[PDB]
Every structure is written in structure tokens, then in C-alpha cells.
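Trainee:
Residue numbers (the authors' numbering), protein chains in the order written: chain A, 22 to 206, 209 to 808; chain C, 33 to 88; chain E, 24 to 111; chain D, 22 to 122, 133 to 243; chain B, 31 to 100, 106 to 240, 249 to 391.
#1: I'd like to confirm the pairing. Which residues does DSSP put opposite residue 431(A) in its beta bridges?
#2: Would you decide whether residue 111(E) is buried or exposed? Buried here means 16 or more other CB atoms lie within 10 Å of its CB.
#3: Under 8 Å by Cβ, that's how I've got residue 405(A) and residue 412(A) pegged, so tell me the actual separation to the nearest angstrom.
#4: How would you label residue 58(B), buried or exposed, when you count the other beta carbons within 10 angstroms and need 16 or more for buried?
#5: Pair every Cβ in the segment 657-671 of chain A with every Cβ in the segment 758-767 of chain A, then say whether three or more of these pairs are closer than 8 Å.
#6: Would you tell me roughly how many angstroms separate the C-alpha atoms of residue 219(B) and residue 50(B), rounded to the nearest one?
#7: Cβ atoms of residue 114(B) and residue 155(B): under 7 Å apart, would you say?
#8: Looking only at its own chain, which residues have a Cβ that is under 6 Å from the Cβ of residue 728(A), when we skip the five neighbours before and after it?
#9: Tell me which same chain residues have a C-beta within less than 6 Å of the C-beta of residue 427(A), skipping the five on either side of it?
#10: Output the distance between the C-alpha atoms of residue 525(A) and residue 665(A), rounded to the nearest integer angstrom.
#11: Would you tell me roughly how many angstroms separate the C-alpha atoms of residue 60(B) and residue 74(B), rounded to the nearest one?
#12: Give the interface partners of residue 383(A) over in chain B, defined as CB-CB distance under 9 Å, in chain order.
#13: Report yes or no: is there a C-beta of chain A within less than 7 Å of the C-beta of residue 187(D)?
#14: Taking 7 Å as the threshold (beta carbon to beta carbon), is residue 136(D) in contact with chain A?
#15: Quick one: which chain C residues come within Cβ less than 8 Å of residue 81(E)?
#16: Nearest-angstrom Cα distance between residue 166(B) and residue 387(A)?
#17: Closer than 8 Å by beta-carbon distance: list the chain A residues that pair up with residue 34(E), in chain order.
#18: Would you say residue 257(A) reaches chain B, if we count a Cβ-Cβ gap shorter than 7 Å as a contact?
#19: Can you tell me whether residue 51(C) is helix, strand or coil according to DSSP?
#20: Does residue 662(A) come within less than 7 Å of chain E when only Cβ atoms are used?
#21: Just to confirm, are residue 340(B) and residue 328(B) a CB contact at a threshold of 7 Å?
#22: In chain A, which residues lie with their C-beta within 7 Å of the C-beta of residue 37(E)?
#23: Counting only C-beta atoms, is residue 84(C) closer than 7 Å to chain E at any point?
#24: Within 10 angstroms of the Cβ of residue 366(B), are there 16 or more other Cβ atoms? Answer buried if so, exposed if not.
#25: How is the beta strand (DSSP E) around residue 462(A) delimited, first residue to last?
#26: Please return the same chain residues whose Cβ sits closer than 6 Å to the Cβ of residue 736(A), not counting the five positions on each side in sequence.
#27: Can you round the beta-carbon distance between residue 296(A) and residue 267(A) to whole angstroms, since I take them to be within the 8 Å contact cut?
#28: List in chain order: all unbroken beta strand (DSSP E) runs of 3+ residues lying wholly within the segment 613-662 of chain A.
#29: Quick check: the Cα distance between residue 80(A) and residue 60(A), rounded to an integer number of angstroms?
#30: Is there contact between the segment 303-321 of chain A and the segment 269-288 of chain A, where contact requires at least three CB pairs shorter than 8 Å?
#31: Kindly identify the DSSP beta-bridge partner or partners of residue 268(B).
#32: Which residues share a DSSP beta bridge with residue 136(D)?
#33: Just checking: is the beta-carbon of residue 215(A) within a distance shorter than 7 Å of some beta-carbon in chain B?
#34: Starting from residue 199(D), trace the alpha helix (DSSP H) both ways and give me its first and last residue.
#35: Okay, do the segment 536-549 of chain A and the segment 500-508 of chain A touch, 3+ Cβ pairs below 8 Å being the bar?
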């Protein structure tokens with residue numbers, strides 16, 4: 022009989038104390054142990070991860086245990102890491118098992134090498150070869166010395182499609198992402216290489232949306248040159264002529280809803296087969312069943328082919344599945360953002376029956392906030408229940424303390440400086456604070472804003488503001504004046520819909536006018552306020568305190584955020600002064616931009632913009648000139664100078680410290696100012712109406728994988744500004760600045776792309792319908808702002 | 033900035049068992065989240081030396 | 024309220040009219056649990072009661088919820104069934 | 022702006038130097054003197070003191086992720102050391118310091144609760160038991176307060192089923208906490224919104240028989 | 031990291047007989063378009079589609095046609116192999132051209148399986164084409180009809196193919212892009228045998252010669268094996284070598300590896316004779332025998348003559364600063380090579 026363990030003994034224990042090894046032993050002093058329990062004991066000591074060579078054997082009456090511990094890591098020095106800093110290389114190793122103070126398994130050294138290599142395949146270092154060097158030390162220690170070597174990187178050199186005849190190869194590679202044909206510096212899309220990953224599904228959707236229902240991608244090869252620095256990509260396809268949708272038949276378990284599904288799967292025979300229309304029907308059923316409380320509905324579609332008529336009958340299989348309920352909705356990883364911030368962006372409720380789509384949308388709303396780095400979902404089955412589940416969201420938060428500067432350039436305003444600092448999570452309540460400023464040729468602005476996105480639990484937002492604005496009219500191509508202003512504006516945002524949003528709030532604004540050159544139109548407003556300045560002096564000052572109620576409505580149904588090809592954008596902003604203010608007026612601005620396509624591919628768009636503006640006094644007073652509307656420039660009507668469209672200033676005979684020496688001035692007494700003087704200097708008006716109409720065309724001189732990036736558009740811009748308070752009778756010798764019939768028109772070409780310097784927009788226009796004083800600015804651009 | 037060993041926890045409201053009405057009783061208290069009765073008593077807060085003691 | 028966005032509000036029970044017929048008086052918890060299960064609300068303490076609340080108030084209107092209360096005995100066998108088309 | 026490298030000094034000289042850095046209050050240099058002392062002698066006769074002193078150094082220098090790691094190493098290698106009760110206590114303080122002082136991922140206090148519990152169960156007469164118990168009372172209060180905040184949001188939203196199930200969860204795990212009594216009216220109201228006056232009356236009976 | 035240009039005391043003066051520019055060449059794109067000598071006439075081409083015919087003595091234009099329409108590049112990357120009054124060129128748009136050696140007109144054109152990167156091989160009345168998607172096809176020499184098609188298994192990550200099949204005793208011995216060299220019947224395309232020569236260090240990441256019943260094939264990683272022509276069983280194995288291409292002269296084997304070092308082996312067991320590591324880590328093309336010496340062109344555009352019995356550099360000459368990508372040609376006592384710009388060079 023064996024083996025009575027009278028005593029235990031150990032040899033080779035350094036870091037591991039006696040108690041730590043005596044713990045993990047499935048056999049202990051006094052037990053009766055054979056060869057089956059020793060083998061279990063040895064394998065137990067090995068599973069401790071403390072040793073690399075364990076040995077248990079008998080003595081006379083004592084069970085002796087011989088061990089050799091794993092080498093304790095002394096330090097980890099990197100050598101040759103150019104692309105990656107030493108600090109993150111450390112953290113990635115600690116999150117893998119290896120770290121200083123701990124121990125290394127000498128059998129995992131190779132896994133550390135290939136493990137670090139794999140990180141160099143995340144980025145394009147396909148020639149990387151990290152070598153690990155292990156060196157012993159006096160005591161049981163070891164200094165890991167990782168030698169890095171990367172000769173890189175790979176620019177994928179060619180993307181080729183084989184089997185295409187209906188469409189040219191260059192046209193197909195224009196829609197993705199990631200391309201590599203020619204990375205022209209114009210062109211923004213850059214050509215590096217990683218997982219595609221579903222760039223075939225775009226090519227798949229291209230043929231499928233146009234009828235090719237049999238379209239099958241046979242094989243995709245990603246080629247490498249003998250030098251591991253060059254990448255090719257070859258995708259072999261097989262197209263399938265013409266296919267008309269003849270009918271849709273529904274099969275499988277329908278959960279008793281055959282009556283409404285026939286509606287969702289109805290078609291008008293016979294029209295061309297469309298993939299996204301099929302995908303729509305698949306999700307429409309998944310959403311219908313989801314409404315009837317179904318967690319994971321499964322809908323699949325297979326096109327049965329009819330070669331005789333070249334038509335396709337769609338076979339659809341439905342499996343409603345089962346019902347599940349959500350016990351708890353937990354949140355892991357939010358050490359900063361309070362629970363309410365994350366939970367407020369849900370659509371799957373706790374307790375309520377489960378919806379797979381409702382869970383996925385929960386992930387979408389979280390990353391759209393941009394508060395977190397990664398958002399992972401995990402629906403866990405509640406222990407001891409067939410249906411109850413726990414939907415848990417794991418998030419790694421992202422620093423929302425951002426410094427952001429910016430520069431710009433454009434004929435409309437020259438160089439522009441944008442500088443400020445914004446915190447989108449202060450201190451993690453969802454609030455958005457930020458001190459932001461800007462600089463321009465004719466305007467300097469700085470603000471301090473605080474915004475709560477969820478003022479109510481429904482989505483209504485409340486935003487505070489504290490601004491300061493300086494305005495120089497002479498640099499804005501207007502009659503010389505200066506309007507120093509500041510104040511505070513609070514406002515509410517009402518999301519009535521995901522397509523419509525309302526705005527409302529109060530605001531206090533102080534306007535301290537100064538350095539105003541005397542002219543008729545401007546001076547008329549001063550009388551209505553109750554002021555009587557000198558018509559011979561440049562020097563003047565006017566402080567006005569105003570309280571305003573504001574209302575706004577923005578409608579946006581544009582399909583694409585960057586280049587709209589279908590949809591419309593409507594914005595209406597209204598202002599009115601509540602009694603108690605110095606001024607008594609109202610202002611209403613309306614902006615409209617609608618896009619209408621005329622083809623299958625949406626590459627021929629007809630954009631029509633309109634912009635309306637009107638304002639006037641209330642109780643005898645008149646609308647301030649620093650609230651006037653203007654037209655002409657890069658944005659309003661192209662072909663005219665900035666704000667040159669509309670009324671012109673009629674200066675009074677004046678003398679000023681200029682210091683009247685030698686050069687040009689306007690109606691100066693030294694230059695013989697006896698009476699009122701006509702000028703080219705525009706002042707804008709309290710009534711403006713412009714309307715554009717451009718024909719968006721495909722760019723004609725590059726037929727590569729380019730044209731879908733640059734947009735040409737032949738336009739016909741036109742508009743008018745006037746003053747509904749101009750006394751046309753008292754100044755009969757001077758033009759009627761109260762007639763809205765003065766419509767100024769133009770026509771030209773445009774160009775658009777996003778460049779390394781920023782988003783550009785060229786516009787070579789030409790005003791054929793222009794009037795007196797109208798200064799023409801034909802070539803206009805904008806590089807940033 | 034992170035928390036210093038501070039007396040914020042000595043402000044917490046003490047534990048008191050919830051009384052159950054007649055014709056009624058409370059949910060069964062689970063094993064976890066239960067504080068064993070200790071009569072102590074040693075120094076608490078800043079009065080407790082948290083420096084590591086050892087001899088020899 | 025009037026015109027605001029208030030996504031969709033559901034609560035834990037979906038009760039079709041052709042699933043409340045499977046429960047006849049005199050059945051155990053197991054049968055009721057695999058017919059329509061599991062009723063999320065069992066209230067402390069002296070009584071056993073499965074509260075099934077077909078709670079559909081996602082839109083601005085309704086406000087449409089029907090509740091189904093079931094009562095067993097000390098040995099887990101159905102004694103009383105209470106269905107109500109709330110609420111008016 | 023600390024200094025990294027350490028001279029090759031006598032054994033007692035470094036430890037006597039590191040001690041003075043610890044007694045004064047300068048933890049940043051106290052670490053570096055000790056961090057190199059343990060990274061050169063891991064199994065000396067009193068190298069376990071160095072491991073103990075390191076844990077204390079990381080905790081007072083706001084280095085928590087490093088403290089927990091050193092704690093786990095001392096437990097894994099010395100689970101029966103005469104001062105293992107102190108290491109468990111420092112472990113609890115670390116997780117408690119990773120918390121709020133606020134419904135911000137309460138698992139750090141939920142893990143701290145387990146660390147102090149293991150301390151008072153195995154070592155009732157520990158020199159840190161009384162203070163650990165004071166912390167256990169507070170940790171239990173906010174772990175219930177977390178559920179209250181989740182119940183308060185769903186109250187504003189209108190998830191009554193989620194509310195009563197949460198308060199039920201509160202009454203189960205944390206029945207003797209302050210947040211539990213405050214969450215009781217939330218359970219009653221949620222019942223009245225589902226037209227369960229027979230249930231809300233039961234809750235009302237409990238609320239009336241208890242003052243917070 | 032690239033070993034610099036070795037200093038060679040020229041045993042003789044390497045000169046350029048003639049130099050004719052052909053199109054824009056292939057550029058930095060890894061193709062295989064090399065000239066082909068036949069009946070004192072040199073046939074070369076660029077990728078764009080331009081195909082010419084030059085005299086092997088002076089390099090004058092006989093005919094110069096383009097294979098493009100309204106231009107779009109014909110994407111010629113496979114070839115050129117000339118036989119039976121036909122010029123065979125493979126393109127990357129799944130096309131195989133057959134030009135008459137008289138005027139340069141298209142005899143026939145055939146749509147193949149995929150990218151015809153492999154140079155055409157003419158055995159019997161069949162033209163062997165190996166595409167990029169592992170499809171060894173045999174096109175009829177007469178009309179170009181696809182007689183049969185063999186599916187060679189595809190790997191995960193791929194190389195630039197490739198394998199130009201060799202033929203002996205009823206069979207076309209071809210290599211794969213996965214690591215298996217295969218042998219198939221010439222008439223049916225029937226599989227005879229398969230042998231795997233490659234080692235796998237997961238997950239870390249070819250023209251054969253038939254000599255007296257012995258098939259020599261090299262692995263994509265650089266493992267060398269001698270195969271029995273009948274069974275396909277490995278005879279001897281050596282773990283060094285690589286792409287580009289090797290050649291067998293009598294009982295010696297000269298080759299260039301991934302590290303672009305030149306070395307000689309024995310036909311018996313493959314033992315080492317000499318090793319040249321001065322052209323180390325350059326970009327040498329394939330080696331070819333031209334009057335006793337090994338000729339290799341690197342990426343900078345230098346040719347390197349090497350003594351075959353000790354590996355000593357015989358000569359060195361700057362030929363084209365554009366560089367060399369495709370393999371040289373040494374037939375009819377002549378020596379051809381095409382730079383990356385498409386310029387063809389005759390030597391000495």
C-alpha cells in the first residue's frame with residue numbers, strides 16, 4: 022500500500038512561499054497517495070503558472086516536491102520602435118499577460134513575437150519582424166529586450182475587377198473605399216490597405232440595385248509582390264443580364280400574420296429587380312414582427328430564376344423565432360459618465376420584451392455621442408430562465424477635452440481664424456461647455472456657451488450663451504460704421520421629429536455704435552429712435568439695450584450630408600423685440616435648398632436655392648441698419664461683390680479727421696462737399712429676396728475613379744435687396760431705393776471637393792443683369808470657413 | 033486628481049432593519065451584501081494607522 | 024406635451040388573445056411558464072402572484088395597457104384568473 | 022518631474038534611504054527607491070516588507086492600478102503570511118478609491144465590498160476590522176443608491192415595470208439601507224400607474240410603518 | 031539594408047549592341063513582360079498594349095501594333116512566349132492574344148478564367164495559361180478554344196501567382212500558389228499526383252525543370268526539392284532558395300533567392316558549391332547562362348556577370364537607370380533584357 026505521506030518537503034521555492042505551494046496540492050500530509058494522485062498533483066502545480074518544471078516524487082516516508090520557478094521579469098526595454106511609442110507597447114503587453122514584476126513563460130516568447138507582429142499587420146507593416154532577446158541575471162531574474170524592425174509600408178497598387186462588361190472597371194471602383202488606382206493629390212481618398220471588409224457588398228449592391236440578380240462574386244485575391252511592400256487586389260465577378268420582379272411568395276412560420284405580410288411583400292409587376300428593395304422587405308418583416316413582440320425574427324430571400332422571361336420570382340422565408348424579456352440593463356465601463364447619460368439614448372426598455380433592432384440602435388446612439396472609444400453589447404441569458412435576458416453594454420470612455428484651432432480663406436471674407444476650447448462632458452452629465460472665438464476681415468466674435476441636451480427626458484435641449492462681437496462695416500464693403508456688441512442668449516430646442524426641430528428662447532443684446540459716416544438712409548433710422556447727430560461729423564456714438572424673443576424651425580430631408588442629390592433643406596429664423604427695449608422691430612429669415620435627381624444613378628441634380636428676408640419697425644421706430652439683409656457674394660448670388668446687392672448710401676456733406684490729406688474720400692468738405700452725394704457703397708436693406716438655380720453636372724475631363732468626388736454645377740443666380748422706408752419723393756433726383764423690381768441676375772460654373780487644405784468651392788460667375796453701382800466679383804472661392 | 037484617504041464614509045447613514053406590516057412581510061434577504069456583526073472596536077478614520085507594520 | 028419626440032415605451036409582457044386560452048384553472052406554474060412565460064412581476068411576500076401586464080404605451084396615445092393577474096395557492100396550482108381590458 | 026535610475030548602493034543604505042522618503046511624505050521618490058530594491062532582490066529574508074511597503078507607497082501616491090497588481094502578487098504568493106489581513110485591507114481601500122466618494136459604474140465599490148467582507152470573516156479581530164466595517168456600511172448604501180438612481184430615471188421615463196422590479200431588487204439585496212426606504216414611494220407610484228392599487232396599498236403599508 | 035554596388039575589375043568590356051524603346055513599359059507594377067527571340071527577330075511589349083517586332087542584330091522596327099481601343108491599357112502582363120508563327124501575350128483583363136509573326140495581326144483571342152499573369156507555355160497543339168485565381172487552362176494553339184480547365188486550390192494570402200508549367204511525357208508539371216506542385220495530363224487535364232513542399236509557422240507569412256525523370260521545384264518560402272517524375276515523391280530537400288527563377292546546367296544548379304544572393308548547388312543532393320552575397324538585398328531578376336557566365340540585372344539597372352565555378356564577379360555594367368524587373372533572354376548566341384521603361388537591350 023502507498024503512499025502514506027508522513028511529511029511534505031519542498032526544493033526550489035523562491036518567490037512562491039511554502040503555503041502558496043502547499044495550497045494548490047490535491048494531496049496533503051497524512052494522505053494515502055498512489056501514481057494517480059501524484060500525476061494530478063503535478064498537473065495542479067503546473068496550472069498555478071508559477072513553475073516551468075515541476076517534479077513530485079517519494080522519499081522513504083516523505084513526499085518530496087522539486088520545482089523550478091518561472092524567471093521574474095526585471096525590465097522590458099524596447100529598441101527600434103519608430104511608429105509606436107514605448108508606453109503603449111507596455112500597456113498592450115500588460116493586457117496580454119507579460120509585464121514587469123511578473124514572470125514569463127519561455128515557451129511563450131515566440132507568441133510574444135508573432136503577437137507583436139500581428140499589431141504591425143493592423144497597420145500596413147507587412148515586413149515587420151520583432152525579435153525578442155532574453156538575458157539572465159544574478160538572482161532568478163531576466164531583462165526582456167524586444168528588438169523592433171519595420172521596413173514599410175505597402176501602398177496597394179492596383180484594384181482590378183474581372184468579369185465585368187455592363188460597367189467599366191474604373192466606374193465600379195469609384196464608389197469605394199478603399200481605393201488605390203491613383204491617389205491624386209485633386210483627390211482626398213488615400214490609398215492604404217487593411218480588411219476590406221465589406222467593400223464587395225458595395226460592388227454587390229451596385230449590380231443588384233440595377234437588376235443583375237444572379238450577380239455572384241466567385242473569388243477575391245489580395246496579391247503581394249516578392250518584396251513584401253506591394254499589394255494588389257483582384258475580384259472576379261459574374262453578372263446576370265436583365266431580371267424583372269414578377270412576384271413575391273412568403274413561406275415559413277409567419278406567427279399568424281399572413282394578412283399584413285402580403286402588403287409588405289407586394290410588388291407592381293413587372294418592374295426591374297432591386298436589391299435594396301428586397302433588403303427593405305426583409306427588414307420590414309423583421310420590424311413588423313418586432314412590433315408584435317419578437318426578439319430575433321429571421322427573414323431570408325432567395326431569387327428563383329426564370330430564364331424564359333428573364334424575370335425573377337423572390338422566395339422569402341420567415342421565422343418569427345421566440346420571445347425574450349430584459350431583466351436588467353447594465354452598464355460597464357462608465358467611470359465618469361453618470362448612468363443617466365448612457366441610459367437616455369436607449370430604445371430597448373428594461374423589463375420590456377426584447378427587440379434585437381432596439382438593442383443595436385442603443386449602440387448607435389452611444390457612439391454618436393462620441394463620448395466613448397468603443398461600445399460593445401452583450402445579451403446574457405439570465406441563470407435559471409428560458410427567456411429572461413440581461414442586455415449589458417461595455418464602454419471605454421473617450422477624453423472630450425478638446426483644443427481645436429482653425430484657419431480659412433475666401434473672397435467673401437479673406438483669411439479666417441477659428442480658435443476655442445470645448446468640453447462635451449462636464450463633468451460627465453452630458454452638458455456641453457465651451458469658450459470659443461473667431462477672427463475675420465470684418466468681424467471678431469467670442470462666446471461662452473453651456474448646453475444641456477436632455478433638459479427634459481424627451482430630448483428638448485436648453486442652451487446658455489455669453490457673447491461679444493465687434494463689427495467693421497468698411498471692411499465688409501459697406502458704409503463706414505462700427506457696432507460693438509455683447510450679451511447673453513438662452514434657448515430651447517424642441518425635437519418634434521427626427522426630420523424637424525424647433526427652437527425658442529430669449530436674449531439680451533447691447534449695441535454700442537460708433538464711427539458712423541453720415542448718410543441719408545442710415546440717418547433716417549436715427550430720427551425714428553429720437554437722436555439728432557451732426558451731419559458734418561464722422562464722430563458719433565449710440566448705445567442700445569435690447570431684449571428679444573427668438574423662434575426657429577429647421578427642416579432637413581437631405582439624403583447625403585456632404586453632396587446632396589435628393590431632398591430639401593428649410594430653415595426659418597424669426598426675431599422680435601419684447602416691450603422694454605430701445606428698439607422696436609421684428610426680423611424673419613427663410614432659407615431653402617432643394618435637390619432633385621433625374622436618373623437612376625443620381626448623377627444629374629437640379630439644385631434650387633431661395634433666400635427670403637424681411638424686417639421693419641413697430642411703433643413708429645425703424646429696423647436697425649446692423650440687422651439689414653444683404654446679397655451678393657460667394658453664398659448669396661454669385662457674380663457680385665460681397666453685400667453689394669441693394670440700396671446705396673447717400674452721404675451728407677461732412678468734414679472729418681481723416682486726416683484729409685491727399686487721397687480719395689466720400690463727400691468730404693475739403694474735396695468740395697456742398698450737397699448730398701451718390702455713392703457705390705452699399706448698405707443693404709430691410710427686405711431681401713434671392714433665388715438660385717444650378718444644374719449639377721458630371722465632371723467631364725476625368726473618367727477615372729474620380730468624378731464622384733468633384734461636383735460641377737452651371738448656375739443661374741439672381742436676387743434683390745431694397746428698403747421699404749426709403750422716401751422716394753423727397754429725393755426724386757436720386758434712384759428709388761424702395762423698388763423690389765431691381766432684380767440682378769448672373770450665370771456661371773462651379774467646382775467642389777475636399778482638399779488637404781480643406782473643403783474648396785470655386786465659382787466663376789458673370790452678371791448679365793446688373794444695375795448702377797453694382798460691383799462685380801466674378802471669381803470667388805472658399806478654402807475652409 | 034483622485035481620492036485621498038478621507039472621512040467621507042463616516043458620514044453615511046447607519047443601517048436600520050425595515051419593519052414589516054401585518055398580513056405582510058419583506059423580500060428574503062440574500063447572503064451577499066450582508067454585514068456581519070462586529071463589536072470591534074478599533075480606531076477609525078484618520079485615527080487608524082494604515083502604515084504597514086512588521087517585525088522582525 | 025403636444026408635439027415632442029418620446030421614442031417608444033414598452034414594458035415587460037406581450038399577451039396575444041390566442042395565448043390566454045391555454046391557461047385553465049387547475050394548472051401548475053410550469054405549464055403557465057412555458058405557455059406564456061415568464062410573468063415578470065411576483066410580489067412580496069405572503070402571496071404568490073404572477074402579474075402579466077401587456078403594457079403598450081409607446082406612442083403619445085395610447086396609453087393602452089391590458090393586465091392579466093394570476094393567483095395560485097400554497098402548492099402552486101391555479102386558483103383564480105383575472106383578465107382585464109384596461110382602462111377607459 | 023521625478024528621477025528614474027537608481028545607484029548601485031549598499032543593501033541597508035537604500036532601504037534606510039527609502040524609509041526616510043516614506044516617513045516624510047514624498048512617495049514619488051519612496052517608490053523609486055523601493056521599486057528598484059524589489060526588482061533586484063525578490064526573495065530576501067525581509068523582501069516581503071519591501072512588497073508591503075510598496076503597496077503603501079502606491080496607495081499614497083495615487084497609483085492605484087499598480088497598487089492592486091502588487092496586492093494580488095502578495096496574496097497569490099503569500100496567502101498565509103502573518104500580515105495578509107493588512108494586504109486585504111489595502112486591497113479594499115484601492116477599489117474604494119476607484120469609486121465616487133454617484134452611480135458611476137459601482138463595481139469598484141462592489142468589489143471593495145467583497146475585499147472587506149473577506150477581511151472581517153477570516154479576521155474578525157483584525158486591527159482594521161472596525162474601520163472596514165464603517166466603510167462596509169457606506170459601500171452598501173451607495174450600491175443601493177445606484178439602484179435608486181436607475182429607478183428614478185425610469186420613473187421620469189415611464190418604465191413602471193422596470194421601477195418596481197428594481198425596488199424589489201433593492202428590497203431584496205439592500206433592505207436595511209437609506210436608499211431603500213427612499214425608493215419605496217417609487218414602487219407604490221409605479222403600481223398606481225399600472226392600475227395596481229391592490230399592490231400600491233401593500234407598499235403604502237410598508238412606507239407608513241417605517242420612517243427614514 | 032541593401033548591399034551597395036560591388037566593385038568589379040572588369041575582365042572584359044560589357045557593351046550595348048542596340049537599344050530600342052518600347053512604350054511606357056510596366057513601371058513599378060510587378061509584371062512579367064520580357065522580350066522573346068525567334069529567327070533573328072525580337073518580340074517585346076509594354077503593358078499599355080503596344081507590341082513591336084525588332085531585328086536581333088540592330089533592333090529596327092518591322093511592325094508595331096497596339097492592342098488597345100478607345106486609350107484603355109490592354110494590361111499585358113503575361114509573356115511573351117513565341118512559337119509556330121504565333122506571339123502569345125497574356126493580359127490582366129482575362130485575355131490571351133495570338134499575334135502573327137509576319138505583320139503583327141491578331142490570329143485569335145480567348146477570354147480565360149482570370150488574370151493571365153503566367154507566361155504562356157506551348158506544348159503540343161495547346162497553349163498553357165495559369166491565371167491568378169488558380170486556374171490552369173489549356174488553349175488550343177489553332178483557334179484558341181479553351182480545351183480544359185484545372186482548379187488549383189487557392190490560398191488565403193496570395194503571391195503574384197505564379198507558375199509557368201513545364202511539359203514531359205504526356206503531362207504538364209505546374210506549381211501552385213498554395214505550396215503544391217502538380218502534374219496533370221495534357222489532353223484531359225486529369226490530375227496525376229500532388230506533392231506539398233512548404234512549412235507552416237502559423238500565422239506567419249516558380250517554373251519547374253525536368254532533368255532525366257527528375258522534376259525540380261522550389262517553394263514560395265524558399266524550400267528546395269527534387270521530385271520523381273512518375274510518382275511526384277520528394278527525393279532530396281534543402282531549406283534554402285526562393286523566387287524568382289532557377290536554371291539547371293548539367294549537374295549544377297544556379298539560383299537566386301528572396302535575399303537576392305546567387306549560389307550553385309549539385310544535382311545529386313543539392314550540396315553548396317559557392318555563395319555570392321554582395322548583391323544581397325538588391326532586386327535581381329532571374330539568372331541565365333550567356334557564354335560561360337551568370338547574368339543578373341538588379342533594381343538600379345546594373346548587370347552582373349558571375350563566374351560559375353567560384354561565384355566571383357566577372358563584370359559589371361550600368362545599362363538602364365530605369366532599372367530591371369523582368370527576366371533576361373539568352374538564345375541564338377544573343378542576350379536580351381527589358382528595362383522598366385520598356386527599353387530592350389542587346390548585350391555585347
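Every residue gets a Cβ at the ideal spot worked out from N, C-alpha and C, and that includes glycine.
Mentor: According to the structure data:
#1: 439(A)
#2: exposed
#3: 6 Å
#4: exposed
#5: yes
#6: 40 Å
#7: yes
#8: 191, 194, 195, 200 and 202
#9: none
#10: 31 Å
#11: 16 Å
#12: In chain order: nothing, as chain B lies at least about 30 Å away.
#13: yes
#14: yes
#15: Those within 8 Å of residue 81(E) in chain C number zero; the least Cβ separation is about 30 Å.
#16: 44 Å
#17: 372, 374 and 375
#18: yes
#19: coil
#20: no
#21: yes
#22: 316, 346 and 376
#23: no
#24: buried
#25: 455-462
#26: 717, 719 and 773
#27: 7 Å
#28: 628-640
#29: 16 Å
#30: yes
#31: 260(B) and 280(B)
#32: DSSP, once it has assigned bridges, lists no residue as partnering residue 136(D).
#33: no
#34: 191-204
#35: yes
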